[PDB]
């Protein structure tokens, strides 16, 4: 009957971009770990098998919902360096230099992944950090086979940055070329880092050897991340943004992410239509949705920022009254140029 069928399981399940990492997640669940434990193990596993995005030197968000309904969000997003400045990415003419914000040592923010994972693990997990990091440790120490995804990413995107730095090239390049499908990727240095974290906890990263290595890498190349930055970093548990769509409650990430707010905003807008009637792929459904999104991105550019620095009008943005007023400016048989759309007037919704 269906053309597409979901994978089925009766006890636990993990879905991720990498087969090895997913399997790491499942094995942890089978050992009696909880969703959070598995999630941290998967996160450390990806930092090794999916260096494209999985990481220890990046950041992100996490939404946790207990079996009892308790829903919370962990913000382990990166903090700009204390010595970071407003116009730091401007050239002499005062124009944004993409190279500076994407490839130089100035593009980096103090990483929050280790922090966020440990916060979630200590408060919501049940396994010690050393146990959930072990799978990733072995993968880095003993290596793994490069698959199509990694091989393709190394060639297409890796080529533009990895071979330009000696330590990076030594790890991901082989015989003057990016590792190919079938080659083995061993990350001895990462294994040592992982091994140290599993032993001295998250401080190994923000205060220990790893912190030193990060600070020196920046200092010797014009970066700003100092040991004070790494020591002054902290993951932050925040209240999820949520809404109600046709009787279903939706929970997502609140600022610093703009994710939560706008997904809810658009759903509120859409609620004012009989979407089901139009059906998937229909001309109408695509019409309505395309327009609703416009207003959201408009508001995004204006009202969204680190809540610890700016006040976001999230109540008004997710206010159904406002959403209903946005819905009316929508014509099922005619669009509205992004030019004739500006950040909404949240006044009567404050």
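For the two forms, the rigid core is made up of the largest set of C-alpha atoms that agree within 1.5 Å on superposition. Positions refer to the first chain, counted from 1.
Core fit done; bigger CA RMS in 8 other deposited structures of this protein for 87-95 or for 190-198?
Farther from the shown form on average in 8 other deposited structures of this protein: 87-95.
Averaged over C-alpha atoms, is the B-factor higher for 158-166 or for 90-98 in this PDB entry?
Looking at the recorded C-alpha B-factors, 90-98 comes out higher on average.
Going by the mean C-alpha B-factor recorded in the entry, which is higher: 310-318 or 28-36?
Per the PDB record, 310-318.
From 243, 182, 255, 222, which pick has the Cα B-factor that tops the rest in the entry?
The listed residue with the largest C-alpha B-factor is 222.
So if I compare the CA B-factors in the entry for 11, 23, 333, 16, which one is the largest?
Out of 11, 23, 333, 16, the record gives the largest C-alpha B-factor to 333.
Can you work out whether the C-alpha temperature factor of residue 52 puts it in the lowest, middle or highest third of the chain?
For residue 52, whose C-alpha B-factor we compare with every modelled residue in the chain, the answer is the lowest third.
Looking at the temperature factor on the CA atom of residue 64, which third of the chain's modelled residues does it land in?
Lowest third.
Within this chain, which third does the Cα B-factor at residue 178 fall in: lowest, middle or highest?
Lowest third.
Ordered by C-alpha B-factor within the chain, which third holds residue 268? Give me lowest, middle or highest, please.
Its C-alpha B-factor belongs to the lowest third of this chain's values.
Looking at the temperature factor on the CA atom of residue 297, which third of the chain's modelled residues does it land in?
Highest third.
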